[PDB]
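So this one's my_file.txt, compact mmCIF, C-alpha atoms:
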# COMPACT_ATOMS: atom_id res chain seq x y z
CA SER X 1 93.20 122.23 -16.81
CA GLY X 2 94.93 118.87 -17.09
CA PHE X 3 93.28 115.97 -18.91
CA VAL X 4 91.74 113.01 -17.08
CA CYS X 5 93.12 109.48 -16.72
CA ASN X 6 96.11 111.13 -15.03
CA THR X 7 95.81 112.66 -11.56
CA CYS X 8 99.28 111.81 -10.27
CA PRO X 9 101.65 114.53 -11.61
CA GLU X 10 104.90 114.75 -9.63
CA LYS X 11 104.81 113.33 -6.10
CA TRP X 12 101.64 111.28 -6.58
CA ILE X 13 102.47 108.05 -8.43
CA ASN X 14 100.14 105.80 -10.46
CA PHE X 15 100.75 102.19 -11.51
CA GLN X 16 98.58 99.40 -12.96
CA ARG X 17 95.45 101.26 -11.88
CA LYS X 18 96.21 102.56 -8.40
CA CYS X 19 98.03 105.70 -7.33
CA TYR X 20 99.98 106.94 -4.35
CA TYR X 21 100.17 110.34 -2.75
CA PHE X 22 103.51 111.69 -1.62
CA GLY X 23 102.61 115.32 -1.13
CA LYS X 24 103.78 117.82 1.50
CA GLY X 25 101.71 119.34 4.30
CA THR X 26 100.17 118.85 7.75
CA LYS X 27 102.30 117.80 10.72
CA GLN X 28 100.55 114.78 12.27
CA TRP X 29 99.47 111.22 11.45
CA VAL X 30 95.77 111.92 11.94
CA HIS X 31 96.22 114.75 9.46
CA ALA X 32 97.57 112.26 6.93
CA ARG X 33 94.57 109.94 7.07
CA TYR X 34 92.29 112.97 6.86
CA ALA X 35 94.20 113.99 3.75
CA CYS X 36 93.56 110.56 2.29
CA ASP X 37 89.82 111.00 2.70
CA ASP X 38 90.17 114.31 0.85
CA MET X 39 91.74 112.41 -2.05
CA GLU X 40 89.33 109.50 -1.63
CA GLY X 41 92.09 107.02 -0.92
CA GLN X 42 93.64 105.48 2.19
CA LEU X 43 96.62 105.96 4.42
CA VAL X 44 99.34 104.22 2.41
CA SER X 45 99.95 101.35 4.80
CA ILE X 46 102.96 100.10 2.84
CA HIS X 47 103.36 96.33 2.81
CA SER X 48 106.14 95.95 0.25
CA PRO X 49 109.79 96.73 1.15
CA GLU X 50 109.92 98.23 -2.34
CA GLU X 51 106.94 100.51 -1.82
CA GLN X 52 108.18 101.68 1.57
CA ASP X 53 111.59 102.25 0.00
CA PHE X 54 109.90 103.92 -2.95
CA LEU X 55 108.32 106.61 -0.79
CA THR X 56 111.33 106.56 1.49
CA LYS X 57 113.50 107.56 -1.45
CA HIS X 58 110.87 110.02 -2.61
CA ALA X 59 110.86 111.53 0.88
CA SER X 60 114.17 113.34 1.31
CA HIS X 61 113.34 116.78 2.71
CA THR X 62 111.09 115.03 5.23
CA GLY X 63 109.76 111.59 6.15
CA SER X 64 106.39 110.16 5.15
CA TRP X 65 103.20 109.01 6.87
CA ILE X 66 101.93 105.46 6.52
CA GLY X 67 98.70 103.67 7.31
CA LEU X 68 99.93 102.54 10.72
CA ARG X 69 98.31 103.27 14.08
CA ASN X 70 99.19 101.47 17.32
CA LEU X 71 96.80 100.88 20.23
CA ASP X 72 98.66 102.50 23.13
CA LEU X 73 102.37 102.75 22.34
CA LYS X 74 104.36 99.52 22.60
CA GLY X 75 101.29 97.34 22.14
CA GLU X 76 100.19 96.05 18.74
CA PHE X 77 100.47 98.13 15.58
CA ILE X 78 97.29 98.14 13.51
CA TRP X 79 96.81 99.68 10.07
CA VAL X 80 94.33 102.52 9.57
CA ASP X 81 92.52 100.14 7.22
CA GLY X 82 91.90 97.93 10.22
CA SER X 83 94.55 95.33 9.42
CA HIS X 84 97.38 94.29 11.74
CA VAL X 85 100.91 94.79 10.40
CA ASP X 86 102.42 92.01 8.28
CA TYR X 87 106.00 93.10 7.57
CA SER X 88 106.65 96.21 9.67
CA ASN X 89 109.78 98.33 9.22
CA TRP X 90 110.15 100.25 12.52
CA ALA X 91 113.94 99.95 12.72
CA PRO X 92 115.76 96.85 11.37
CA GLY X 93 116.42 95.53 14.87
CA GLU X 94 117.30 98.44 17.14
CA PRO X 95 114.89 98.70 20.13
CA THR X 96 116.72 101.90 21.11
CA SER X 97 116.42 103.21 24.67
CA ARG X 98 114.68 106.57 24.26
CA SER X 99 111.16 105.37 25.07
CA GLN X 100 108.60 108.18 25.23
CA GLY X 101 105.69 106.94 23.14
CA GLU X 102 104.67 105.53 19.76
CA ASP X 103 101.07 105.67 18.53
CA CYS X 104 101.99 105.77 14.83
CA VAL X 105 104.77 104.90 12.42
CA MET X 106 106.87 107.26 10.32
CA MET X 107 109.40 106.73 7.54
CA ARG X 108 112.96 108.08 7.52
CA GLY X 109 115.38 108.65 4.66
CA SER X 110 117.49 105.86 6.14
CA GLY X 111 115.41 103.47 4.06
CA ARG X 112 112.83 102.20 6.54
CA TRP X 113 110.30 103.13 9.21
CA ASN X 114 110.61 104.46 12.70
CA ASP X 115 107.95 103.66 15.27
CA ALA X 116 107.23 106.75 17.36
CA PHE X 117 104.39 108.95 18.61
CA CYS X 118 102.33 110.34 15.72
CA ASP X 119 103.46 113.76 16.96
CA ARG X 120 107.13 113.48 15.99
CA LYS X 121 108.36 115.86 13.28
CA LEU X 122 107.37 115.16 9.67
CA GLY X 123 106.32 117.37 6.77
CA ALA X 124 104.93 115.23 3.95
CA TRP X 125 101.54 113.51 3.81
CA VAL X 126 101.12 110.31 1.83
CA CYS X 127 97.94 108.39 0.95
CA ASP X 128 96.90 105.97 -1.78
CA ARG X 129 93.93 106.03 -4.13
CA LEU X 130 92.96 104.57 -7.49
CA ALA X 131 93.74 106.61 -10.61
CA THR X 132 91.21 109.03 -12.09
CA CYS X 133 90.78 106.79 -15.14
CA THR X 134 87.36 105.13 -15.02
CA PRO X 135 85.09 105.39 -18.11
CA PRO X 136 81.31 104.74 -17.76
CA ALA X 137 80.92 100.97 -18.04
CA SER X 138 78.12 100.47 -20.56
CA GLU X 139 78.69 97.18 -22.39
CA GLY X 140 78.93 94.35 -19.87
CA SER X 141 82.14 92.36 -20.21
CA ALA X 142 81.79 88.67 -21.06
CA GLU X 143 78.18 88.42 -22.25

Go ahead and express the file in the form of structure tokens.
Amino acid sequence: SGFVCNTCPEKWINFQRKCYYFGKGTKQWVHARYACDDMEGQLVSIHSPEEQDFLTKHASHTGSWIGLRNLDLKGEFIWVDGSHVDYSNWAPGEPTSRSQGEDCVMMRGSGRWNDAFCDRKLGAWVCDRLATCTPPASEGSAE
């Protein structure tokens, strides 16, 4: 068994004290958020062009799922965390013409997001959660 203070091995990525999940599985957005709960995290919900690009680059064989869920379809996109989008990446500026539905947002290898029905065609689930490094706080800091 692997030691603690290090849960993110390959896909999963840890930083200052938080980690990301870029694993493979499921086939729907709702399945991604459910996966997050299993890891005790959250549906990514990327807010940094770097982070979105980070997973975007990490996701080659298939796109990735983010913490984005829209009301109906073309309405307002709200994050699974209950926070309206701030940057958004669904296409740089191409409104396309093939309108069929978009209840969630996906990420393509192109280097951004694509707003389309949660039931598109992905293969990798991504969620974020804090690292597994948390020792029992005994001595109170700053006495």

Nearby residues (all atoms listed in the file) at most 9 Å from segment 71-88 of chain X, same-chain spacing under 2 positions excluded, as a PDB file with C-alpha atoms, in the frame of the given file:
ATOM      1  CA  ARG X  33      94.570 109.940   7.070  1.00  0.00           C
ATOM      2  CA  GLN X  42      93.640 105.480   2.190  1.00  0.00           C
ATOM      3  CA  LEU X  43      96.620 105.960   4.420  1.00  0.00           C
ATOM      4  CA  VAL X  44      99.340 104.220   2.410  1.00  0.00           C
ATOM      5  CA  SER X  45      99.950 101.350   4.800  1.00  0.00           C
ATOM      6  CA  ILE X  46     102.960 100.100   2.840  1.00  0.00           C
ATOM      7  CA  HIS X  47     103.360  96.330   2.810  1.00  0.00           C
ATOM      8  CA  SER X  48     106.140  95.950   0.250  1.00  0.00           C
ATOM      9  CA  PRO X  49     109.790  96.730   1.150  1.00  0.00           C
ATOM     10  CA  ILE X  66     101.930 105.460   6.520  1.00  0.00           C
ATOM     11  CA  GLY X  67      98.700 103.670   7.310  1.00  0.00           C
ATOM     12  CA  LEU X  68      99.930 102.540  10.720  1.00  0.00           C
ATOM     13  CA  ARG X  69      98.310 103.270  14.080  1.00  0.00           C
ATOM     14  CA  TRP X  90     110.150 100.250  12.520  1.00  0.00           C
ATOM     15  CA  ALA X  91     113.940  99.950  12.720  1.00  0.00           C
ATOM     16  CA  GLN X 100     108.600 108.180  25.230  1.00  0.00           C
ATOM     17  CA  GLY X 101     105.690 106.940  23.140  1.00  0.00           C
ATOM     18  CA  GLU X 102     104.670 105.530  19.760  1.00  0.00           C
ATOM     19  CA  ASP X 103     101.070 105.670  18.530  1.00  0.00           C
ATOM     20  CA  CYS X 104     101.990 105.770  14.830  1.00  0.00           C
ATOM     21  CA  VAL X 105     104.770 104.900  12.420  1.00  0.00           C
ATOM     22  CA  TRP X 113     110.300 103.130   9.210  1.00  0.00           C
ATOM     23  CA  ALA X 116     107.230 106.750  17.360  1.00  0.00           C
ATOM     24  CA  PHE X 117     104.390 108.950  18.610  1.00  0.00           C
TER      25      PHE X 117
END

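With only C-alpha atoms as the atoms that count, the residue of X:109, X:92, X:132, X:127 with the shortest distance to residue 36 of chain X is X:127.
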
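For the point (105.7, 119.6, 17.1), the residues with at least one atom inside 12 Å, counting only C-alpha atoms, are residues 26, 27, 28, 29, 117, 118, 119, 120, 121, 122 and 123 of chain X.
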
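Using only C-alpha atoms, the residues found no farther than 10 Å from residue 60 of chain X, other than those of its own chain fewer than 4 positions away, are residues 55, 56, 64, 108, 109, 110 and 124 of chain X.
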
Item checked: Surrounding residues of segment 16-19 of chain X excluding itself and chain neighbours under 2 positions, 10 Å, all atoms listed in the file, as a list in words -> residues 5, 6, 7, 8, 12, 13, 14, 21, 22, 41, 44, 127, 128, 129, 130, 131, 132, 133 and 134 of chain X

Notebook entry, point to check: X:106, X:54, X:2, X:114: which is nearest residue 93 of chain X, counting all atoms listed in the file?
Noted result: X:114

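In this structure, atom CA of residue 34 of chain X sits 26.0 Å away from atom CA of residue 3 of chain X.
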
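Atom CA of residue 63 of chain X sits 10.9 Å away from atom CA of residue 23 of chain X.
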
Box in all listed atoms of segment 62-74 of chain X, axis-aligned, with 4 Å more on each side; write out centre and edge lengths in Å to one decimal as AutoDock Vina command-line options.
--center_x 103.9 --center_y 107.3 --center_z 14.1 --size_x 22.3 --size_y 23.5 --size_z 26.0

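If you look at atom CA of residue 20 of chain X and atom CA of residue 126 of chain X, they are 7.1 Å away from each other.
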
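Counting all atoms listed in the file, the residue from X:107, X:4, X:142, X:39 that sits nearest to residue 62 of chain X is X:107.
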